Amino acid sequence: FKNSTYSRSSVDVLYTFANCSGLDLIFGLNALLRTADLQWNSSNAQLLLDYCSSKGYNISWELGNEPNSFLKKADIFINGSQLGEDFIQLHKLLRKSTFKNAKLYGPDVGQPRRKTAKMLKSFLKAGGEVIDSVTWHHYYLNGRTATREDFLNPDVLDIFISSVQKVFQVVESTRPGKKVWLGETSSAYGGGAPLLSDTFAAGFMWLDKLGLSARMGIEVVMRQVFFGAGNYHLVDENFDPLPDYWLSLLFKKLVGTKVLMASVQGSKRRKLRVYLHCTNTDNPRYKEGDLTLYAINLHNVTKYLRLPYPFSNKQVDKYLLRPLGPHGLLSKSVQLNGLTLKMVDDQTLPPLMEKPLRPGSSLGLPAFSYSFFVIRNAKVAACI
């Protein structure tokens, strides 16, 4: 990797995209600009903050990407303590600016390996007080070697649980109560796995990651990428949405902020994965107390879910996602309850239409499929 410059025009393009889209821009600053004593040289960042200030740009900040690999990337080793001091410097800059109540996140470390905890721990000790969230990164696979079986493998999905537990071990030891974010996450590194990271098959790892993240106390999950060269893009090079886009839209429609818990009875149950939230009641179809279950079936046969008492006679809306043929799990097209999901036009998303089930029916979930189920009139007081 070699240095590049970017323009006011570049910043304007990115800010406008975010602002017109209703998204909150987080901008990563260059942490490899160093003084002789290997302090962070903040002077380029001061240029950028002044320009953003001058334009009234409402922006949040990070400093550095994956510091534990700085020696590999640039032959510069920055320990966690120094990075903490750098974040303190950046915090002071932000507080002396129009960005005085702008947010700061870091340090965007990779997932826990033999000794990546030392950097995150010494970083949180040193600079933990000035960050609004702890950001780390997670990938399951190498895009070069990943197989279709890896994408469908419950043992691959489950390794994520230990990554999360190891991160929370470091944070609880140094900054208990600090919000933990996945600041960069996807299926496969090296730009994704061709014909896997951009297909219906990607949805197992994406929905399971969202389920486990919410269940285990991760507050924000940042999908690599919305759009770009990587096969793990949610939108392709023709600006067409891939199955993970539709999955992400359906998740946002149905899933509320209050996380609950579902589990399957039986000795091992790794292939039937289940998650439970309060329903998103912005939807006028649903009301206070409604539940959203979501479920992944990685068995090669249909499974039938029985809701526990007292929800076994409730009206349930099914939102079942399956690939549009002929490429099955390797399809870049997806059907919701047997209707293909396509933009109505370049300005217009389709409705996402439920399939009501007859009250008292088991929830049918076909082989290698994922579904949302809204339990109507659930009247769960925890959901207010």
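Between two forms, the rigid core is the largest collection of C-alphas that superpose within 1.5 Å. Each residue number is its position in the shown sequence, starting from 1.
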_Greater root mean square CA deviation, 232 to 240 compared with 111 to 119 in 6 other deposited structures of this protein, core aligned_ = 111 to 119
*Farther-lying stretch by C-alpha RMS in 6 other deposited structures of this protein, rigid core as reference, of 93 to 101 and 208 to 216*: 93 to 101
*Which is higher in the entry, the mean Cα B factor of 133 to 141 or that of 77 to 85?*
77 to 85
*Using the B-factors recorded in the PDB entry, average over the C-alpha atoms of 117 to 125 and of 212 to 220, then report which stretch comes out higher.*
117 to 125
*asked:* Out of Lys253, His299, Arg273, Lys100, whose C-alpha atom has the biggest B factor in the entry?
replied: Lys100
*asked:* Among the choices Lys355, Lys332, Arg322, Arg358, identify the one whose CA B-factor in the record is greatest.
replied: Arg358
*Going by the recorded CA B-factors, say which third of the chain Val167 sits in, lowest, middle or highest.*
middle
_Splitting the chain's C-alpha B-factors into thirds, which one does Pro326 fall into?_
lowest
_Can you tell me whether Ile26 has a C-alpha B-factor in the lowest, middle or highest third compared with the other modelled residues of the same chain?_
middle
*If you rank every modelled residue in this chain by C-alpha B factor, which third holds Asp282: lowest, middle or highest?*
highest
_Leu336, C-alpha B-factor rank within chain (lowest, middle or highest third)_ = lowest
